[PDB]
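J.: This is the content of my_file32.pdb (PDB, C-alpha atoms):
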ATOM      1  CA  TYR A 351      99.595 136.882  73.884  1.00  0.00           C
ATOM      2  CA  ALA A 352      99.710 138.772  77.239  1.00  0.00           C
ATOM      3  CA  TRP A 353      98.464 142.060  75.644  1.00  0.00           C
ATOM      4  CA  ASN A 354     100.874 142.558  72.697  1.00  0.00           C
ATOM      5  CA  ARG A 355     102.177 145.918  74.003  1.00  0.00           C
ATOM      6  CA  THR A 356     103.273 148.058  71.032  1.00  0.00           C
ATOM      7  CA  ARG A 357     106.518 149.237  72.673  1.00  0.00           C
ATOM      8  CA  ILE A 358     107.688 151.493  69.919  1.00  0.00           C
ATOM      9  CA  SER A 359     105.212 154.271  70.249  1.00  0.00           C
ATOM     10  CA  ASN A 360     107.972 156.835  69.656  1.00  0.00           C
ATOM     11  CA  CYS A 361     111.099 156.715  71.940  1.00  0.00           C
ATOM     12  CA  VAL A 362     114.780 155.818  72.555  1.00  0.00           C
ATOM     13  CA  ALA A 363     114.923 152.018  72.911  1.00  0.00           C
ATOM     14  CA  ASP A 364     117.818 151.013  75.216  1.00  0.00           C
ATOM     15  CA  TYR A 365     118.064 147.246  75.129  1.00  0.00           C
ATOM     16  CA  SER A 366     121.001 146.888  77.508  1.00  0.00           C
ATOM     17  CA  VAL A 367     118.716 147.420  80.479  1.00  0.00           C
ATOM     18  CA  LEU A 368     117.301 144.000  79.780  1.00  0.00           C
ATOM     19  CA  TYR A 369     120.415 142.291  81.120  1.00  0.00           C
ATOM     20  CA  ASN A 370     119.928 144.251  84.333  1.00  0.00           C
ATOM     21  CA  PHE A 371     116.275 143.195  84.660  1.00  0.00           C
ATOM     22  CA  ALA A 372     116.859 139.485  85.330  1.00  0.00           C
ATOM     23  CA  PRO A 373     119.236 136.580  84.714  1.00  0.00           C
ATOM     24  CA  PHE A 374     118.326 134.878  81.443  1.00  0.00           C
ATOM     25  CA  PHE A 375     118.953 131.485  79.884  1.00  0.00           C
ATOM     26  CA  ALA A 376     117.704 132.321  76.368  1.00  0.00           C
ATOM     27  CA  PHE A 377     117.985 135.252  73.943  1.00  0.00           C
ATOM     28  CA  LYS A 378     117.580 133.984  70.395  1.00  0.00           C
ATOM     29  CA  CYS A 379     117.727 136.765  67.783  1.00  0.00           C
ATOM     30  CA  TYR A 380     116.936 136.360  64.075  1.00  0.00           C
ATOM     31  CA  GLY A 381     118.222 139.902  63.381  1.00  0.00           C
ATOM     32  CA  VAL A 382     121.200 141.465  65.193  1.00  0.00           C
ATOM     33  CA  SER A 383     121.970 140.196  68.717  1.00  0.00           C
ATOM     34  CA  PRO A 384     123.943 143.391  69.699  1.00  0.00           C
ATOM     35  CA  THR A 385     121.196 145.993  69.385  1.00  0.00           C
ATOM     36  CA  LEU A 390     118.691 150.140  64.990  1.00  0.00           C
ATOM     37  CA  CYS A 391     115.520 152.001  64.039  1.00  0.00           C
ATOM     38  CA  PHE A 392     112.698 149.564  63.205  1.00  0.00           C
ATOM     39  CA  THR A 393     109.559 151.860  63.279  1.00  0.00           C
ATOM     40  CA  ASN A 394     107.590 149.203  65.251  1.00  0.00           C
ATOM     41  CA  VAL A 395     108.501 146.941  68.168  1.00  0.00           C
ATOM     42  CA  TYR A 396     105.259 144.921  68.702  1.00  0.00           C
ATOM     43  CA  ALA A 397     106.399 143.400  71.976  1.00  0.00           C
ATOM     44  CA  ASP A 398     104.402 140.578  73.533  1.00  0.00           C
ATOM     45  CA  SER A 399     104.916 138.038  76.300  1.00  0.00           C
TER      46      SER A 399
ATOM     47  CA  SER B 155      80.824 179.403  76.515  1.00  0.00           C
ATOM     48  CA  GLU B 156      81.549 175.660  76.292  1.00  0.00           C
ATOM     49  CA  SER B 157      81.475 173.286  73.339  1.00  0.00           C
ATOM     50  CA  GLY B 158      82.985 170.245  71.672  1.00  0.00           C
ATOM     51  CA  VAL B 159      82.256 166.566  72.325  1.00  0.00           C
ATOM     52  CA  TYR B 160      84.084 163.768  70.512  1.00  0.00           C
ATOM     53  CA  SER B 161      82.114 160.684  69.514  1.00  0.00           C
ATOM     54  CA  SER B 162      84.923 158.105  69.614  1.00  0.00           C
ATOM     55  CA  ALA B 163      88.470 157.221  68.612  1.00  0.00           C
ATOM     56  CA  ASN B 164      90.447 153.989  68.386  1.00  0.00           C
ATOM     57  CA  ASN B 165      93.666 152.509  66.954  1.00  0.00           C
ATOM     58  CA  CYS B 166      95.692 155.497  68.130  1.00  0.00           C
ATOM     59  CA  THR B 167      99.263 155.608  66.832  1.00  0.00           C
ATOM     60  CA  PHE B 168     100.591 159.039  67.788  1.00  0.00           C
ATOM     61  CA  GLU B 169     100.270 161.725  70.464  1.00  0.00           C
ATOM     62  CA  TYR B 170     102.333 164.909  70.824  1.00  0.00           C
ATOM     63  CA  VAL B 171     101.512 167.816  73.171  1.00  0.00           C
ATOM     64  CA  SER B 172     102.305 171.546  73.504  1.00  0.00           C
ATOM     65  CA  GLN B 173     105.522 172.103  71.458  1.00  0.00           C
ATOM     66  CA  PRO B 174     105.682 175.919  72.019  1.00  0.00           C
ATOM     67  CA  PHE B 175     103.669 175.986  75.305  1.00  0.00           C
ATOM     68  CA  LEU B 176     101.994 179.284  74.253  1.00  0.00           C
ATOM     69  CA  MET B 177      99.604 177.175  72.147  1.00  0.00           C
ATOM     70  CA  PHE B 186      95.537 193.500  70.939  1.00  0.00           C
ATOM     71  CA  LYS B 187      94.797 190.696  68.478  1.00  0.00           C
ATOM     72  CA  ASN B 188      97.259 189.042  66.104  1.00  0.00           C
ATOM     73  CA  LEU B 189      97.252 187.590  62.616  1.00  0.00           C
ATOM     74  CA  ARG B 190      97.955 183.870  63.049  1.00  0.00           C
ATOM     75  CA  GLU B 191      99.475 182.445  59.865  1.00  0.00           C
ATOM     76  CA  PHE B 192     100.138 178.716  59.409  1.00  0.00           C
ATOM     77  CA  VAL B 193     101.596 176.543  56.641  1.00  0.00           C
ATOM     78  CA  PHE B 194     100.804 172.810  56.682  1.00  0.00           C
ATOM     79  CA  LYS B 195     102.790 170.444  54.443  1.00  0.00           C
ATOM     80  CA  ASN B 196     103.303 166.656  54.281  1.00  0.00           C
ATOM     81  CA  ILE B 197     106.745 165.688  52.901  1.00  0.00           C
ATOM     82  CA  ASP B 198     107.976 162.050  52.783  1.00  0.00           C
ATOM     83  CA  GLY B 199     105.699 161.100  55.678  1.00  0.00           C
ATOM     84  CA  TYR B 200     106.653 164.056  57.900  1.00  0.00           C
ATOM     85  CA  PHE B 201     103.846 166.506  58.645  1.00  0.00           C
ATOM     86  CA  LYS B 202     105.312 169.992  59.093  1.00  0.00           C
ATOM     87  CA  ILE B 203     103.617 173.066  60.545  1.00  0.00           C
TER      88      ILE B 203
END
Could you take the file, read its structure, and then write that structure out as structure tokens?
T.:
Amino acid sequence: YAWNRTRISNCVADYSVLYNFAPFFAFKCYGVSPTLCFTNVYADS
Amino acid sequence: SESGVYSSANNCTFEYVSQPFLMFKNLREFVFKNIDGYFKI
């Protein structure tokens, strides 16, 4: 679970930087692929 | 001259620091209210 960082804390979440981070082969969203206020992020890896 | 020791804390969800920076005597009045989840001072 690589630490389950709770990303949300409080802050502006800019998701477009993720395309700049690395080339990807998968990005499967069950919500909205072009990305809202969600209160919690609960990121893990 | 010195006091205050905290025993412990965990499961922290929020931190905010020094909104006005400031925080021959003065009366210091405060109003604390909790409306729809927002705590106002």
J.: Any chance you could work out the residue set of the PyMOL selection byres ((chain A) within 12 of (chain B)) here, as number ranges by chain?
T.: A: 356-361, 393-394
J.: With C-alpha atoms retained, export the selected residues as a PDB file, keeping the file's coordinate frame.
T.:
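Result file follows (again_8.pdb):
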ATOM      1  CA  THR A 356     103.273 148.058  71.032  1.00  0.00           C
ATOM      2  CA  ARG A 357     106.518 149.237  72.673  1.00  0.00           C
ATOM      3  CA  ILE A 358     107.688 151.493  69.919  1.00  0.00           C
ATOM      4  CA  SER A 359     105.212 154.271  70.249  1.00  0.00           C
ATOM      5  CA  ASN A 360     107.972 156.835  69.656  1.00  0.00           C
ATOM      6  CA  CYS A 361     111.099 156.715  71.940  1.00  0.00           C
ATOM      7  CA  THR A 393     109.559 151.860  63.279  1.00  0.00           C
ATOM      8  CA  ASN A 394     107.590 149.203  65.251  1.00  0.00           C
TER       9      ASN A 394
END
J.: Skip residue A:354 itself and residues of its chain fewer than 2 positions away, then list as a list in words all residues within 6 Å of it, counting all atoms listed in the file.
T.: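 What passes the distance filter is residues 351, 397 and 398 of chain A.
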J.: Taking the file as shown, what set of residues would the PyMOL selection byres ((chain B and resi 193) around 10) give back, as number ranges by chain?
T.: B: 191-192, 194-195, 202-203
J.: Any idea what the distance is between atom CA of residue A:365 and atom CA of residue A:384?
T.: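 Taking atom CA of residue A:365 and atom CA of residue A:384, their separation equals 8.9 Å.
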J.: Would you work out the distance separating atom CA of residue B:200 from atom CA of residue A:381, expressed in Å to one decimal?
T.: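 Computed distance, atom CA of residue B:200 to atom CA of residue A:381, equals 27.3 Å.
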J.: Quick one: pull the distance between atom CA of residue A:362 and atom CA of residue A:385, Å, one decimal.
T.: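 Atom-to-atom, atom CA of residue A:362 and atom CA of residue A:385 are spaced 12.2 Å apart.
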